[PDB]
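1. Take this sequence and fold it.
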Amino acid sequence: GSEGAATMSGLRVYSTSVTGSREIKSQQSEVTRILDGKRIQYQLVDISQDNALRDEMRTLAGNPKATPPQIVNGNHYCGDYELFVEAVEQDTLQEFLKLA
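-> Numbers count the residues shown, from 1 in each chain. The relevant structure is shown in the block below.
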């Protein structure tokens, strides 16, 4: 095994409540689900609430035509649902993010 100390990471999941795409939701629900199960410390950022977010998110990510979900670490941009799900599947979710 491996034990020592812990680290403080500001995980943020940029999701929305009002959407028509639908598919997005799935990604959002999933991300949160996986994150939930993984018991990862993160904060659900409702971009819907504040329109600004919608933008702030796009910028952070690096695309105006971006969409949720969106994983962010403190001031780092993990990636999208795919990038996330991918790692998760690869069992390297710790690498993708800013954990290790």
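2. those helices in this protein, which residues are they?
-> 23-38, 51-61, 81-90, 93-96 (DSSP state H).
3. Determine which of these approaches residue 5 most closely.
-> helix 93-96 (15.4 Å; CB to CB). Just so you know, the C-beta spots here come from the backbone N, C-alpha and C atoms, and that holds for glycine as well.
4. Okay, buried residues for that closest one please.
-> Residues of helix 93-96 classed as buried by neighbour count (16 or more other CB atoms under 10 Å): 93, 96.
5. same deal with stretch 68-78?
-> Here stretch 68-78 shows 68-73, 77-78 as buried, counting by 16+ other CB under 10 Å.
6. quick one: which of the helices of the chain is nearest residue 14?
-> Nearest of the helices of the chain (CB to CB): helix 51-61, 4.7 Å.
7. Give me the nearest residue to the residue nearest to the spatial centre of the chain, chain neighbours excluded.
-> The residue lying closest to the centre of the chain (CA atoms, centre = their mean) is residue 71, at 1.9 Å. The shortest distance from residue 71 to any non-neighbouring residue, by CB to CB, 6 or more residues apart in numbering, is to residue 78 (3.8 Å).
8. hang on, the earlier thing: of all the helices of the chain, which lies closest to residue 8?
-> helix 93-96 (15.2 Å).
9. Check which helices and strands the closest one is in contact with.
-> With contacts taken as 3 or more CB pairs under 8 Å, 6 or more residues apart in numbering; DSSP states H and E, helix 93-96 sits against helix 81-90.
10. switch to 10 Å and redo it
-> helix 23-38, strand 71-73, strand 76-79, helix 81-90 (3 or more CB pairs under 10 Å, 6 or more residues apart in numbering; DSSP states H and E).
11. Can you get me the start-to-end distance on stretch 64-84?
-> 20 Å (CA to CA, to the nearest Å).
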